[PDB]
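A.B. asks: Starting off with a structure, shown below.
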Protein chains: 2
Amino acid sequence: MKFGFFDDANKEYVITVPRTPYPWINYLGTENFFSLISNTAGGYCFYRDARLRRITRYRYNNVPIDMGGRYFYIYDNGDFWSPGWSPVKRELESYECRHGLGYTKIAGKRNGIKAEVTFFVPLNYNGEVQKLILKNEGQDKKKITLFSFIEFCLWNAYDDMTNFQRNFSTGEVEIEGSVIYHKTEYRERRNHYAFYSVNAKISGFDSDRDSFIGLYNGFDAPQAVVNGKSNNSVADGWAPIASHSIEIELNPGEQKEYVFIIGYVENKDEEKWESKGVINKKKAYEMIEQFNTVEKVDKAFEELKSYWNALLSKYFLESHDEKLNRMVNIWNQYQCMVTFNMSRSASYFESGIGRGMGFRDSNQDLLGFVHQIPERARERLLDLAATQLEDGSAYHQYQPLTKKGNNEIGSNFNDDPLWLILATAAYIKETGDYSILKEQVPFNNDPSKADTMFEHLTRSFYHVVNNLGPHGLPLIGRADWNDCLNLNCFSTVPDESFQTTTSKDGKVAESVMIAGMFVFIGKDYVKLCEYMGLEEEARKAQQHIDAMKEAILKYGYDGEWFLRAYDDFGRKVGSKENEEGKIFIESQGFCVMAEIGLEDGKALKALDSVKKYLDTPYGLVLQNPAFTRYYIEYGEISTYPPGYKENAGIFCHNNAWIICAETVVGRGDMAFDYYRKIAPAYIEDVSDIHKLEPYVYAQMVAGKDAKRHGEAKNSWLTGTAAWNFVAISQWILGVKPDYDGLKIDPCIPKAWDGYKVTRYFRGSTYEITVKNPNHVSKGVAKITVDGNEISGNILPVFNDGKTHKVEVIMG
Amino acid sequence: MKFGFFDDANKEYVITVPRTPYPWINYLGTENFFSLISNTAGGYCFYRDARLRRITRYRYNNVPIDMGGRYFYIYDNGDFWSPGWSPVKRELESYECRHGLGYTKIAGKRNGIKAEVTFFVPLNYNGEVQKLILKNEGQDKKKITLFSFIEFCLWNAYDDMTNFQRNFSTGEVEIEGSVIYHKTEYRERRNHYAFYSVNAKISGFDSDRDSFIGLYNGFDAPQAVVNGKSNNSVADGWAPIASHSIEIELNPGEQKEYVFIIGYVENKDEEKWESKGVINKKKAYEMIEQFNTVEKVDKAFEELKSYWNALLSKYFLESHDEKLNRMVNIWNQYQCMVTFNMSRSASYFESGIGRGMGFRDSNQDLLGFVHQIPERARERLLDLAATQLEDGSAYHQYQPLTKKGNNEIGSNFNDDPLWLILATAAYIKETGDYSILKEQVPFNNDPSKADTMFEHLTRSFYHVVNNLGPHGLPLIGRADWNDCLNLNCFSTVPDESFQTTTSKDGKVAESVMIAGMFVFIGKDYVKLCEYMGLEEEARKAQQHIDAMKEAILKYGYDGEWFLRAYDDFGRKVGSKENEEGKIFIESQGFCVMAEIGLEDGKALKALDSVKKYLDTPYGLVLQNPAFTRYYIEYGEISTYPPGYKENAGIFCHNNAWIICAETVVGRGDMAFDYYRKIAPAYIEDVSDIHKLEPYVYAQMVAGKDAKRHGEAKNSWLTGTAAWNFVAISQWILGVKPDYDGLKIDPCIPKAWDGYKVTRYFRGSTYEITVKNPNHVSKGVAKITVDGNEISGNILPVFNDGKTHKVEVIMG
């Protein structure tokens with residue numbers, strides 16, 4: 001069918017049927033409190049850490065899907081229904097969900113009653129605000145009852161779903177006025193509680209799940225809603241919930257407005273209690289009063305909109321392609337904010353249990369986020385560096401709540417350290433803030449082991465240097481960027497994840513992808529050395545880079561494309577000589593980005609091979625042919641059925657590297673073709689195949705070897721967002737931050753007449769108009785700034801708060 | 001107030017309405033393959049280990065409750081319903097579930113069609129057999145379609161519920177004939193697969209959940225059933241299922257019969273494949289062949305029943321109280337088999353994730369199981385001892401699948417080791433098989449560290465001696481039998497379980513409970529020293545016991561009851577001096593069982609104090625008064641709200657110790673009264689309050705301090721079963737295995753005229769008739785065996801396969 005459309009003017013995606021191919025979600029919040037909310041108001045929220053401070057409960061992989069969230073019920077003379085269609089699933093006269101930037105509006109109408117709810121998390125506020133408008137659009141007087149409902153989680157989501165032998169006896173609440181407080185374990189080690197409030201006198205409430213719903217009933221028909229009145233239950237263990245009810249009368253045409261808030265509160269220990277066994281509510285009262293009127297809410301809603309408008313205005317594209325404009329000025333940037341906050345932790349696929357902030361994942365997210373909020377990016381870099389060990393390796397991820405590095409999803413990923421150099425460079429190029437290099441940063445999360453940020457950089461670089469294999473290529477260790485390339489593993493026990501099973505310290509298996517990264521990213525470390533006035537170190541660094549290049553050229557090129565790796569037996573991986581996995585995509589991207597084989601045609605050959613063997617209607621697959629059996633020497637990658645995930649699935653993330661590479665060899669047309677094939681705005685009419693959100697990138701699309709080819713998994717949380725924004729904004733469009741200022745160097749489809757990019761950069765804004773009068777793909781003939789022509793492709797830095805005219809002539 | 005009834009003749013509990021106060025379950029299997037099944041056919045099955053080999057998926061704490069299991073849908077000309085009512089939940093003309101010994105029989109009737117399903121796991125067979133009978137009891141010919149349904153779990157239940165990121169792309173199945181095979185990850189490290197067969201030609205099938213059910217539908221209305229035909233779906237990732245459909249025609253009065261089997265198969269590494277990508281089904285064919293006619297199914301069913309009759313016949317009571325008869329002769333012994341197999345791993349409360357086989361838990365379960373299958377008992381002891389460390393401490397639990405000890409739920413519980421001595425002694429008293437003391441048993445799961453079972457006991461014993469505190473009482477460590485008495489903890493971080501959070505090797509905190517246990521249990525260690533011919537080691541051990549008995553009297557008695565412990569600061573726990581927790585139950589029980597203070601009125605006074613401060617209509621609470629705030633010096637016990645779990649909850653398990661203790665001071669009337677307050681058969685007429693299974697014991701009943709006083713939690717899996725069986729069968733009824741033979745020493749209510757116990761013991765049967773002409777509580781005046789008066793209270797050992805009549809006159 002048609003499920004919705006883009007609304008550029010209001011910066012929203014509009015969903016017009018509730019039964020989408022899969023629940024389609026949005027994220028609320030940008031700082032500390034977060035929510036996931038689907039087009040039926042399903043989902044949940046949490047504070048900073050989805051595993052350790054989960055506020056509301058949510059069941060993944062449920063039947064039916066996506067049962068649980070913020071459930072308003074309208075009771076009308078025995079009949080009842082919800083604005084989001086689900087959970088009651090009675091036909092609505094009209095339905096609509098608008099996902100916007102930091103908010104979601106869901107509107108439903110049945111039997112003359114229209115209900116419209118705006119969900120959002122205000123700036124600098126630890127709660128999800130919900131403005132509910134109820135209008136009688138019929139001709140008669142209506143007496144109805146409005147019910148609210150959330151189901152609480154017992155804070156620790158893992159304990160919550162396994163430790164019933166204990167936690168069925170720990171649930172505690174307080175009810176006072178129009179507020180329901182969840183205070184489980186507050187009597188002991190917890191200094192925080194949650195509340196659910198409405199800003200009107202209530203007719204009733206419920207806080208015990210069994211009482212409100214009934215043991216053998218579902219969310220579709222809670223016995224209390226069916227009977228048209230709350231039961232005023234007080235929870236005592238089992239399953240605490242929060243539900244208000246409000247009896248309401250409405251004349252024809254009359255509307256009434258309500259503000260519901262799901263809040264989080266942490267008390268100082270000297271302010272924990274009001275009296276014995278009675279929680280100190282001082283801070284709740286403040287939060288609640290802060291939004292006790294619809295007009296206070298509107299003001300915050302508009303403050304949020306202006307906030308987004310500001311962020312987005314830092315890179316503004318005016319072109320003749322509306323789909324492109326929509327990706328660049330809105331959605332890609334929006335998704336980059338989300339991934340920056342969430343990393344890979346919590347979505348409708350990532351369970352918010354096992355994954356925290358990923359080391360390499362968050363470093364890469366920085367690439368597409370640094371320009372939006374440099375301050376927060378700066379601090380993020382410092383937080384990631386602190387989880388680096390003294391030997392230069394790093395904890396593969398850290399706990400969001402504490403920021404402590406941990407090994408819960410494995411260790412010894414030899415590509416990890418390099419990402420820190422790339423992200424630091426990106427931040428420096430964007431800001432000119434070299435002072436970050438001087439910051440004192442813990443090692444191993446140990447303040448007593450601190451050294452400068454630059455010394456962290458030095459140990460990242462040299463972790464590769466000190467860990468090379470028989471070909472002078474970088475040892476792969478447990479895996480590189482590809483988590484599933486496990487060459488030191490040889491596991492036969494079904495019960496341990498490949499990510500954490502023992503992996504030997506093999507000195508044979510090497511990665512050609514890490515080798516490419518090293519050359520590409522090394523460029524940046526050399527310059528940073530030079531800045532630090534360390535000429536000899538810069539020289540030695542450059543030597544190691546030069547030797548790595550020769551190693552790739554000598555032992556890393558297969559003939560028509562770059563190899564992937566060498567396994568523990570010294571056998572090639574990703575060569576024409578293999579039976580399966582003859583060619584992999586990862587090394588093609590980075591080796592060419594590193595500018596290898598530009599002169600002898602090896603790069604062009606590689607990219608042509610990629611096109612030939614890896615290209616599909618839905619994007620470039622990871623490798624070809626797919627593995628058709630388990631290879632004990634390759635690890636997890638061969639455990640997936642053909643075409644799914646790392647086994648010949650389409651990993652959109654690494655498609656960005658090929659886009660970048662095509663730009664290196666000056667083929668703007670092909671680069672843009674690759675970009676178009678996976679960009680949401682261009683593939684919207686196939687939602688029934690893609691299945692997932694049409695307004696955001698996903699991690700994985702089933703490849704040509706899969707029966708479900710074209711079906712996506714794991715939407716929203718993917719490095720595809722950061723890397724595709726970099727590709728399109730810097731490599732194609734050519735507005736590329738550098739140490740000395742803005743480097744202009746587009747590579748576009750020849751047919752393009754031109755476009756305009758408005759770019760805020762280092763304290764002043766640049767209006768850049770690009771003209772392609774000879775219709776070339778790459779190469780700049782003339783640049784003039786403020787009327788005068790300049791020499792070079794590097795715009796000067798003004799920092800004068802003014803707008804500067806820039807004309808760029810392709811030639 | 002009643003939702004069923006006991007059927008003694010058929011050894012069943014009959015449930016007559018589907019909406020019980022909580023789902024009421026039964027367990028199938030006694031060897032390797034196990035199922036949990038509720039009164040509506042909810043639940044799941046697994047092989048050996050509910051975490052590592054879970055076959056079918058099940059959602060705990062679900063809404064609605066208990067959705068998912070073995071779901072037959074009868075489709076009748078557009079109407080559809082289920083034999084167990086749930087999940088369709090359309091009204092039935094009749095409904096009935098009988099929970100029997102190792103089978104569950106469920107029967108529904110709607111619109112003239114009756115369906116009856118019998119579920120059981122046959123002896124020596126790795127599958128759940130489901131015999132289904134359909135009958136037309138109406139006047140006209142009927143055309144109907146029968147659907148079957150199970151949802152597969154992805155083997156590893158933890159992964160299954162957390163790792164969608166990956167496991168939505170691994171699901172795989174094969175369909176061949178009338179059989180659906182689930183083979184996820186069989187292509188890689190798993191040598192096992194599951195199947196779902198029916199012994200008849202089918203009309204269609206489904207193996208993809210989304211196809212059978214439909215994204216936005218529930219188990220209540222699968223789109224395929226609504227539609228009256230299978231979609232013939234072949235799973236590919238997402239959520240594999242198994243469903244058959246069969247079009248059936250029934251004349252009036254006609255009945256058809258089908259046999260469905262949920263099977264588990266393991267192949268040798270070299271025999272996994274029939275051909276490339278096609279699984280070796282040879283073993284499945286054999287399993288399916290084995291029960292392809294109702295005739296074969298009925299024969300195994302009767303063999304199971306013979307198995308159970310023989311097990312139960314070894315201890316058989318005849319008395320004037322039929323509630324006591326059914327407890328002793330059927331339900332208590334049935335529960336002891338279940339706990340022996342399952343420890344505390346998997347029920348509707350224990351999630352089958354975090355807990356394997358508990359060290360302390362499985363040792364206690366043996367007490368109530370040795371008479372049933374000594375051979376299996378003997379082996380269980382060796383497995384347990386293998387998880388003991390060389391210093392005498394033990395892993396707190398071990399993985400069912402591999403039997404390796406682990407620390408998943410904490411370490412350094414100083415009561416642990418002693419339970420091994422008790423259980424070994426119990427085994428020997430039962431069998432007279434001292435050979436077990438000479439078995440070579442590993443330490444730390446390490447064969448190279450092996451040594452005799454006796455040496456293991458020696459280290460258990462000396463672990464206490466080598467770990468005493470300032471008063472000569474045993475250092476408590478992380479905790480004693482009470483997992484929540486954590487005195488070396490001082491925890492402030494809410495994110496980690498008290499069970500696993502760091503706990504110092506404290507040298508001050510002491511347990512009077514472990515002291516009591518050490519005296520009581522140490523008596524057996526002395527007896528075994530003597531048997532090993534080590535009179536001097538027996539002397540030394542007796543010294544330590546006598547020294548401990550002095551320490552208890554000098555520092556463990558508060559004046560009117562025994563103290564509980566000393567905290568890390570040297571302060572008394574469970575003393576009149578304390579503000580809360582002035583008296584604890586645990587130390588009263590073991591100290592009196594240890595025979596401390598029988599002569600000076602201390603024992604009796606303690607027991608009277610127990611009656612006065614801990615007694616309730618629902619059993620004895622853990623301590624009094626309850627803790628009304630968190631005591632950081634006490635740990636987890638004060639984290640529960642008052643009246644629940646270890647904070648003044650009624651822990652039925654420790655009530656048995658009070659029952660035994662009452663028996664020791666000769667108060668049989670009090671002992672039996674306590675026994676009756678918690679025995680399922682005696683409170684059946686208060687099912688609504690108790691809430692859980694009315695036919696088995698539960699771990700915990702909310703205490704007088706709780707608003708839910710009387711409501712149980714954590715049914716089925718609890719040491720309450722073994723300890724209460726021991727209490728009634730041995731300490732009250734007086735039939736007590738001893739080293740040299742059966743000891744007869746009843747302590748009963750004075751009013752009883754007598755009773756008869758038929759006991760099978762060391763190769764002979766004894767018919768013991770007890771007579772009470774003077775109406776005493778305790779004291780045997782005369783015994784005759786085979787018509788001849790014997791002296792003393794120990795029956796001779798015959799081992800002659802004959803029946804010997806024994807008459808006991810109390811006086």
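Simple scheme: letters A, B, ... for chains in structure tokens order, numbers from 1 for residues in each chain, numbers from 1 for ligands in the order shown.
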Please list as a PyMOL selection string every residue within 6 Å of stretch 76-91 of chain A, counting only C-alpha atoms and excluding residues in the same chain fewer than 2 positions away.

C.D. replies: chain A and resi 40+72-74+107-108+115+144+219-220

A.B. asks: Would you list the contacts of residue B:124 as a ChimeraX atom specification, taking every protein, DNA or RNA residue within 9 Å and counting only C-alpha atoms, but skipping same-chain residues closer than 6 positions in sequence?

C.D. replies: /B:30-33

A.B. asks: Next, dump the selected residues to file, keeping only N, CA and C atoms, as a PDB file, in the first residue's frame.

C.D. replies:
```
ATOM      1  N   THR B  30      11.082 -37.524  33.750  1.00  0.00           N
ATOM      2  CA  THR B  30      11.850 -37.726  34.977  1.00  0.00           C
ATOM      3  C   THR B  30      13.335 -37.949  34.741  1.00  0.00           C
ATOM      4  N   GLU B  31      13.775 -37.875  33.487  1.00  0.00           N
ATOM      5  CA  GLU B  31      15.155 -38.234  33.157  1.00  0.00           C
ATOM      6  C   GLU B  31      15.947 -37.113  32.487  1.00  0.00           C
ATOM      7  N   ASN B  32      15.692 -36.873  31.204  1.00  0.00           N
ATOM      8  CA  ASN B  32      16.422 -35.836  30.474  1.00  0.00           C
ATOM      9  C   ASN B  32      15.536 -34.790  29.797  1.00  0.00           C
ATOM     10  N   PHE B  33      14.482 -35.238  29.125  1.00  0.00           N
ATOM     11  CA  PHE B  33      13.574 -34.330  28.442  1.00  0.00           C
ATOM     12  C   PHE B  33      12.506 -33.882  29.432  1.00  0.00           C
TER      13      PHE B  33
END
```

A.B. asks: I want to know what sits within 7 Å of residue B:1, based on only C-alpha atoms, with residues of the same chain fewer than 3 positions away left out; could you give that as number ranges by chain?

C.D. replies: B: 685-688

A.B. asks: Determine the nearest neighbour of residue A:14 from the options A:75, A:47, A:640, A:95, counting only C-alpha atoms.

C.D. replies: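 The answer is A:95, which sits nearest to residue A:14.
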
A.B. asks: What parts of stretch 134-166 of chain A does DSSP call strand (DSSP E)? I'd like the answer as a tab-separated table (two decimals) with N, CA, C and O atoms, in the first residue's frame.

C.D. replies:
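In the end it all went to states-v7.tsv:
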```
chain	number	residue	atom	x	y	z
A	134	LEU	N	-8.74	16.61	23.41
A	134	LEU	CA	-9.92	15.80	23.18
A	134	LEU	C	-11.02	16.71	22.68
A	134	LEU	O	-11.44	17.62	23.40
A	135	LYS	N	-11.49	16.49	21.46
A	135	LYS	CA	-12.55	17.34	20.93
A	135	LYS	C	-13.80	16.56	20.52
A	135	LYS	O	-13.71	15.46	19.97
A	136	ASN	N	-14.97	17.13	20.83
A	136	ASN	CA	-16.23	16.58	20.37
A	136	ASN	C	-16.62	17.25	19.07
A	136	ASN	O	-16.94	18.43	19.04
A	142	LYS	N	-21.60	14.72	24.94
A	142	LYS	CA	-20.94	13.46	25.20
A	142	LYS	C	-20.46	13.40	26.65
A	142	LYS	O	-19.88	14.36	27.16
A	143	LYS	N	-20.72	12.27	27.30
A	143	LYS	CA	-20.08	11.96	28.57
A	143	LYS	C	-19.15	10.79	28.31
A	143	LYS	O	-19.59	9.71	27.92
A	144	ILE	N	-17.85	11.00	28.50
A	144	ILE	CA	-16.88	9.93	28.28
A	144	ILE	C	-15.95	9.79	29.48
A	144	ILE	O	-15.93	10.63	30.38
A	145	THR	N	-15.17	8.71	29.48
A	145	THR	CA	-14.12	8.55	30.49
A	145	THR	C	-12.80	8.33	29.78
A	145	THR	O	-12.68	7.46	28.91
A	146	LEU	N	-11.80	9.11	30.15
A	146	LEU	CA	-10.47	8.97	29.58
A	146	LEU	C	-9.57	8.20	30.52
A	146	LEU	O	-9.43	8.58	31.68
A	147	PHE	N	-8.97	7.12	30.03
A	147	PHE	CA	-7.98	6.37	30.80
A	147	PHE	C	-6.57	6.58	30.25
A	147	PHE	O	-6.37	6.62	29.03
A	150	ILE	N	0.59	3.33	31.64
A	150	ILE	CA	1.93	2.84	31.36
A	150	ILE	C	2.21	1.67	32.31
A	150	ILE	O	1.57	1.54	33.36
A	151	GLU	N	3.13	0.80	31.91
A	151	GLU	CA	3.53	-0.33	32.73
A	151	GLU	C	4.98	-0.09	33.14
A	151	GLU	O	5.83	0.16	32.28
A	152	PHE	N	5.28	-0.15	34.44
A	152	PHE	CA	6.61	0.19	34.91
A	152	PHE	C	7.58	-0.96	34.73
A	152	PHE	O	7.18	-2.13	34.74
A	153	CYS	N	8.85	-0.62	34.58
A	153	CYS	CA	9.92	-1.61	34.60
A	153	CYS	C	10.57	-1.48	35.96
A	153	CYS	O	10.52	-0.41	36.56
A	154	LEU	N	11.19	-2.55	36.44
A	154	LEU	CA	11.85	-2.47	37.73
A	154	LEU	C	13.31	-2.01	37.60
A	154	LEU	O	14.23	-2.64	38.14
A	155	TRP	N	13.51	-0.91	36.86
A	155	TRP	CA	14.81	-0.23	36.70
A	155	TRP	C	15.90	-1.01	35.97
A	155	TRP	O	16.41	-0.56	34.93
```

A.B. asks: Residues near stretch 580-597 of chain B, anyone? I mean within 7 Å using only C-alpha atoms, not counting same-chain ones fewer than 2 positions away, as a ChimeraX atom specification.

C.D. replies: /B:512-513,516-517,519-520,561-564,574-578,599-603,606-607,610,622-627,654,657-658,660-661,664

A.B. asks: Given only C-alpha atoms as the basis, pick out the residue of B:70, B:114, B:605, B:183 nearest to chain A.

C.D. replies: B:183

A.B. asks: Looking at only C-alpha atoms, which of A:759, A:523, A:355, A:396 is the one that sits closest to chain B?

C.D. replies: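 Looking only at the distances to chain B, the closest residue turns out to be A:355.
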
A.B. asks: Skipping near chain neighbours, those fewer than 3 positions away, what residues fall within 7 Å of residue B:118 using only C-alpha atoms, listed as a VMD selection string?

C.D. replies: chain B and resid 103 to 106 130 to 132

A.B. asks: Have a look at B:197, B:313, B:325, B:351 and name the one nearest to chain A; count only C-alpha atoms.

C.D. replies: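 Closest candidate: B:351.
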
A.B. asks: Choose the residue, out of A:253, A:472, A:494, A:477, that has the smallest atom-to-atom separation from chain B; count only C-alpha atoms.

C.D. replies: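 The closest residue to chain B is A:494.
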
A.B. asks: Can you list every residue in stretch 162-233 of chain A that DSSP puts in alpha helix (DSSP H), as a ChimeraX atom specification?

C.D. replies: /A:164-167,209-213,223-227

A.B. asks: Stretch 667-671 of chain B: which residues within 7 Å, counting only C-alpha atoms, same-chain residues fewer than 3 positions away excluded, as a list in words?

C.D. replies: residues 659, 662, 663, 674, 675, 732, 747, 748, 749, 750 and 777 of chain B

A.B. asks: Could you turn the residues from that selection into a file that holds N, CA, C and O atoms, as a CSV table (one decimal), in the first residue's frame?

C.D. replies:
```csv
chain,number,residue,atom,x,y,z
B,659,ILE,N,9.0,-28.0,63.0
B,659,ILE,CA,8.3,-29.2,63.2
B,659,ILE,C,9.2,-30.3,63.8
B,659,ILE,O,8.8,-30.9,64.8
B,662,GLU,N,10.0,-29.5,67.4
B,662,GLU,CA,8.8,-29.8,68.3
B,662,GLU,C,8.8,-31.3,68.6
B,662,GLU,O,8.5,-31.7,69.7
B,663,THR,N,9.2,-32.0,67.6
B,663,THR,CA,9.2,-33.5,67.8
B,663,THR,C,10.3,-33.9,68.8
B,663,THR,O,10.1,-34.8,69.6
B,674,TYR,N,1.7,-27.3,63.1
B,674,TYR,CA,2.6,-26.6,62.2
B,674,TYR,C,2.6,-27.3,60.8
B,674,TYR,O,2.3,-26.6,59.8
B,675,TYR,N,2.8,-28.6,60.8
B,675,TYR,CA,2.7,-29.3,59.5
B,675,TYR,C,1.4,-29.0,58.8
B,675,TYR,O,1.5,-28.7,57.6
B,732,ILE,N,7.7,-37.4,62.7
B,732,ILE,CA,6.4,-37.5,63.3
B,732,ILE,C,5.9,-38.9,63.2
B,732,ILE,O,5.8,-39.5,64.3
B,747,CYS,N,6.5,-39.3,67.0
B,747,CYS,CA,6.1,-38.2,67.9
B,747,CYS,C,4.8,-37.7,67.3
B,747,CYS,O,4.9,-36.9,66.3
B,748,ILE,N,3.7,-38.0,67.9
B,748,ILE,CA,2.4,-37.8,67.3
B,748,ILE,C,1.4,-37.1,68.2
B,748,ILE,O,1.6,-37.0,69.4
B,749,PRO,N,0.3,-36.6,67.6
B,749,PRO,CA,-0.8,-36.0,68.5
B,749,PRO,C,-1.4,-37.1,69.4
B,749,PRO,O,-1.7,-38.2,68.9
B,750,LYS,N,-1.5,-36.8,70.7
B,750,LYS,CA,-1.9,-37.8,71.7
B,750,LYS,C,-3.2,-38.5,71.3
B,750,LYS,O,-3.3,-39.7,71.7
B,777,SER,N,2.3,-38.9,73.4
B,777,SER,CA,2.8,-38.2,72.2
B,777,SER,C,4.0,-38.9,71.6
B,777,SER,O,4.2,-39.1,70.4
```

A.B. asks: Counting only C-alpha atoms, what is within 12 Å of residue B:267, bar same-chain residues fewer than 2 positions away, as an MDAnalysis selection string?

C.D. replies: chainID B and resid 186 189:194 264:265 269:274 279:284

A.B. asks: What would the file look like if the residues just selected were written as a CSV table (one decimal), in the first residue's frame with N, CA, C and O atoms?

C.D. replies:
```csv
chain,number,residue,atom,x,y,z
B,186,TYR,N,22.2,-25.5,13.2
B,186,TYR,CA,22.6,-26.9,13.0
B,186,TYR,C,23.7,-26.9,11.9
B,186,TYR,O,24.5,-27.8,11.9
B,189,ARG,N,27.6,-24.9,14.8
B,189,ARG,CA,28.1,-25.6,16.0
B,189,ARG,C,27.1,-26.6,16.7
B,189,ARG,O,27.5,-27.4,17.5
B,190,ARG,N,25.8,-26.5,16.4
B,190,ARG,CA,24.9,-27.3,17.1
B,190,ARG,C,24.7,-28.7,16.4
B,190,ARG,O,24.6,-28.8,15.2
B,191,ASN,N,24.8,-29.7,17.2
B,191,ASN,CA,24.6,-31.1,16.7
B,191,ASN,C,23.2,-31.6,17.0
B,191,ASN,O,22.9,-32.8,16.9
B,192,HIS,N,22.3,-30.7,17.3
B,192,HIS,CA,21.0,-31.0,17.7
B,192,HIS,C,19.9,-30.3,17.0
B,192,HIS,O,20.1,-29.1,16.5
B,193,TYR,N,18.7,-30.9,16.9
B,193,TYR,CA,17.6,-30.2,16.3
B,193,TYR,C,16.3,-30.7,16.9
B,193,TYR,O,16.4,-31.7,17.6
B,194,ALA,N,15.2,-30.0,16.7
B,194,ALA,CA,13.9,-30.5,17.3
B,194,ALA,C,12.9,-30.7,16.2
B,194,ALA,O,13.1,-30.2,15.0
B,264,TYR,N,13.4,-34.3,20.3
B,264,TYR,CA,14.7,-33.7,20.3
B,264,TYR,C,15.7,-34.7,19.8
B,264,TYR,O,15.7,-35.9,20.3
B,265,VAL,N,16.6,-34.3,18.9
B,265,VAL,CA,17.6,-35.3,18.3
B,265,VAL,C,19.0,-34.7,18.4
B,265,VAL,O,19.3,-33.6,18.1
B,269,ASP,N,28.9,-36.0,15.3
B,269,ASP,CA,29.5,-35.0,14.4
B,269,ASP,C,29.6,-35.5,13.0
B,269,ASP,O,29.5,-34.7,12.0
B,270,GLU,N,29.9,-36.8,12.8
B,270,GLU,CA,30.1,-37.3,11.4
B,270,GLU,C,28.8,-37.8,10.7
B,270,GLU,O,28.8,-38.1,9.6
B,271,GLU,N,27.7,-37.8,11.5
B,271,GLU,CA,26.4,-38.2,10.9
B,271,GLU,C,25.4,-37.1,10.9
B,271,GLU,O,24.2,-37.4,11.0
B,272,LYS,N,25.8,-35.9,10.8
B,272,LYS,CA,24.8,-34.8,10.9
B,272,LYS,C,24.0,-34.7,9.6
B,272,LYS,O,22.8,-34.3,9.7
B,273,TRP,N,24.5,-35.1,8.5
B,273,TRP,CA,23.9,-34.8,7.2
B,273,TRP,C,23.5,-35.9,6.4
B,273,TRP,O,24.2,-36.9,6.2
B,274,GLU,N,22.2,-35.9,5.9
B,274,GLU,CA,21.8,-36.8,4.9
B,274,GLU,C,22.4,-36.4,3.6
B,274,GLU,O,22.9,-37.3,2.8
B,279,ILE,N,19.4,-32.4,6.8
B,279,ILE,CA,19.7,-33.0,8.1
B,279,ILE,C,19.5,-34.5,8.1
B,279,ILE,O,18.6,-35.0,7.5
B,280,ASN,N,20.3,-35.2,8.9
B,280,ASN,CA,20.1,-36.7,9.1
B,280,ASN,C,18.9,-36.9,10.0
B,280,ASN,O,19.0,-36.7,11.2
B,281,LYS,N,17.9,-37.5,9.4
B,281,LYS,CA,16.6,-37.7,10.1
B,281,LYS,C,16.4,-39.1,10.7
B,281,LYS,O,15.4,-39.4,11.2
B,282,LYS,N,17.5,-39.9,10.5
B,282,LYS,CA,17.3,-41.3,10.8
B,282,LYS,C,16.7,-41.5,12.2
B,282,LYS,O,15.8,-42.3,12.4
B,283,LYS,N,17.3,-40.9,13.2
B,283,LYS,CA,16.9,-41.0,14.6
B,283,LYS,C,15.5,-40.5,14.9
B,283,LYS,O,14.8,-41.0,15.7
B,284,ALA,N,15.1,-39.4,14.1
B,284,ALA,CA,13.8,-38.9,14.2
B,284,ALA,C,12.7,-39.9,13.7
B,284,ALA,O,11.7,-40.1,14.4
```

A.B. asks: To one decimal in Å, tell me the separation between atom CA of residue B:129 and atom CA of residue B:52.

C.D. replies: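 Separation between atom CA of residue B:129 and atom CA of residue B:52: 22.0 Å.
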